[PDB]
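Q: sequence first, structure after; it's an experimental one.
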Amino acid sequence: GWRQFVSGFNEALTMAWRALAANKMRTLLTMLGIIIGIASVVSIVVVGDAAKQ
Amino acid sequence: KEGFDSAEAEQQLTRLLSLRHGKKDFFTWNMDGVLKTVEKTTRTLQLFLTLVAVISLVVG
């Protein structure tokens, strides 16, 4: 059932917050690894598009 | 030759032709300096590209 799937989404959202609470620092380095990436993505896309403009 | 700068001598040649002819007239277009600046430009592109790439890789 999709009921336990969405209840899974939010309740294991909380479970996720807790599992991250187990390693906030590791979570930090991880998320930062994500952040610099995507930020650089949109960055270079927009700037290259603009100079192109 | 000499690896000598284009920016120099052309002025020397300027007065030179201002002499060997009685009036300035040669009105020549500058050499090499355009090559200089486009070289700085392309190497600059190398700088941007390679640097952002390597930084991203360090992030990796």
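A: That came through, no problem. Residues are numbered from 1 along each chain as shown, chains lettered A, B, ... in the order given.
Q: which residues in chain B form helices?
A: Along chain B, the segments classed as helices by DSSP state H run B:10-20, B:33-59.
Q: those: which one's closest to chain A?
A: Chain A lies closest to helix B:33-59 among the helices of chain B, at 4.8 Å (CB to the nearest CB). C-betas here are computed from N, CA, C, even on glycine.
Q: list of residues touching the helix or strand hosting residue A:6?
A: Using DSSP states H and E, residue A:6 sits within helix A:3-22. Helix A:3-22 is contacted from outside by residue A:27, using CB atoms under 8 Å, 6 or more residues apart in numbering or on different chains.
Q: which helices and strands sit right next to whichever helix or strand comes after that helix?
A: Where DSSP H and E defines the elements, the next helix or strand beyond helix A:3-22 is helix A:24-52. Packing contacts for helix A:24-52, counted by 3 or more CB pairs under 8 Å, 6 or more residues apart in numbering or on different chains; DSSP states H and E, involve helix B:33-59.
Q: does chain A have contacts with the helix it packs on?
A: Yes: interface with chain A: helix B:33-59 contributes B:52, B:56, B:59 (CB under 8 Å from any CB of the partner chain).
Q: tilt between that helix and helix B:10-20?
A: For helix B:33-59 against helix B:10-20, the angle by axes from the mean of the first three to the mean of the last three CA atoms, to 10 degrees is 180 degrees.
Q: who does helix B:33-59 touch, helix- and strand-wise?
A: Helix B:33-59 is packed against helix A:24-52, with contacts defined by 3+ CB pairs under 8 Å, 6+ apart.
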